[PDB]
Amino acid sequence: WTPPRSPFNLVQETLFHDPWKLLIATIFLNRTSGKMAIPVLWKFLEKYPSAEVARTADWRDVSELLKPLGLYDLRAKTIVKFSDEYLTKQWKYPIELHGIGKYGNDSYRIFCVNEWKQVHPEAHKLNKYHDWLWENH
């Protein structure tokens, strides 16, 4: 299973090989415009390239990086918690993990696994992709 490249340009299309990066991408996109989030996502992934490093991060430092995005302290605490569980808990679907809900589960089930047919997403840029999947099928 390889999710196809779409005319919609979801960030999920580039990060599916590393689930952690793709899931962090969804967290950056919680009620935050893609325009601001994605640039700042790359900035994060240079300072914190893995779940192994983010897990030892000081949430307060992670928060200074997020300031322009909003929900900066909430999401910072979230990035240090999720990354910890991601490597420490046994999980099948990321929904089990702190900070990941329907949206992040929907992205993982489409891009990181062959389960797109079984998914009913709600997030806007995601339904455009998912419908495009059924349409081009």
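Heads up: residue numbers just count along the shown sequence, starting at 1.
Novice: Hey, which bit's got the bigger mean C-alpha B factor in the entry, 45-53 or 95-103?
Specialist: Higher of the two, by average CA B-factor, is 45-53.
Novice: Given the B-factors recorded for C-alpha atoms, which segment has the greater mean, 77-85 or 108-116?
Specialist: Comparing 108-116 with 77-85, the higher mean C-alpha B-factor belongs to 108-116.
Novice: Would you please rank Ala37 by its C-alpha temperature factor against the other modelled residues of its chain and give the third it falls in: lowest, middle or highest?
Specialist: CA B-factor rank for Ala37: highest third.
Novice: Lowest, middle or highest third: which one holds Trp20 when the chain's residues are ordered by CA B-factor from the entry?
Specialist: Lowest third, going by the recorded CA B-factors of the chain.
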